[PDB]
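Shown next as structure tokens: one chain only, the form deposited in one PDB entry.
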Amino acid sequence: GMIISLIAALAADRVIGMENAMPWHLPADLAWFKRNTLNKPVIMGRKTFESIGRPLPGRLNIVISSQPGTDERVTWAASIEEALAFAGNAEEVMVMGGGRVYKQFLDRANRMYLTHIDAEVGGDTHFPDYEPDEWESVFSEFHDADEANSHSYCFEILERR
């Protein structure tokens, strides 16, 4: 029954490396939900963890790596199944490791939080293909660029149907 959520910021189909540890831009009318997310485990790949250089505070950080762990504040896993086991009985686990991590988690995932920022330069990895018939866009909100938003964006929540 765990909510297994892929969270990614995308320029077209390319994953953006976001400055904020959590790769989203929440609209004002969903900012309340940020408070809910602070105890949920995060799962990410080794390269994403290195780009952050420290764990996200106040929650379990699970890093998937084929190499020995480099930070005692993290729980290290060698597979997505091990990573999900470490999340235990969490209501929701956030996944944000690289395009490979998104691809390996897609069949087990049941929610996505996608921030589309199509004027940004995307990175060197593509978000995995997913089947439109399996996923419902349940919430979608666009905001234009303005004095408080350097980029226009659309925040979308997908859930499996």
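The first residue of the sequence shown is number 1, and the count goes up from there. In this text, rigid core is short for the largest set of C-alphas that superpose within 1.5 Å between two forms.
Unshown form deposited with a small molecule bound; subsequent notes refer to it.
Can you say which of 66 to 74, 44 to 52, 131 to 139, 103 to 111 gets within 4.5 Å of the small molecule in the deposited bound form, counting heavy atoms only? Only one stretch passes the 4.5 Å heavy-atom test: 44 to 52.
Is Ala8 a contact residue for the small molecule in the deposited bound form, using a 4.5 Å heavy atom cut-off? Within the cut-off, so yes.
With the cut-off set at 4.5 Å between non-hydrogen atoms, does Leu60 touch the small molecule in the deposited bound form? Output for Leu60 is no: heavy atoms all beyond 4.5 Å of the small molecule.
Give a yes/no on whether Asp118 approaches the small molecule to within 4.5 Å in the deposited bound form, heavy atoms considered. Judged by the heavy-atom cut-off of 4.5 Å, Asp118 is well away from the small molecule in the deposited bound form.
Flag for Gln104, CA shift 2 Å or larger between this form and the one not shown after aligning core: Comparing forms between this form and the one not shown, the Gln104 CA shifts below 2 Å.
After the core is matched up, is the C-alpha of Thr48 off by 2 Å or more between this form and the one not shown? No; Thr48 is a residue whose C-alpha shifts by less than 2 Å between this form and the one not shown when the cores are overlaid.
Using a rigid core alignment, state whether the CA of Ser152 is displaced by 2 Å or more between this form and the one not shown. No, its C-alpha moves less than 2 Å.
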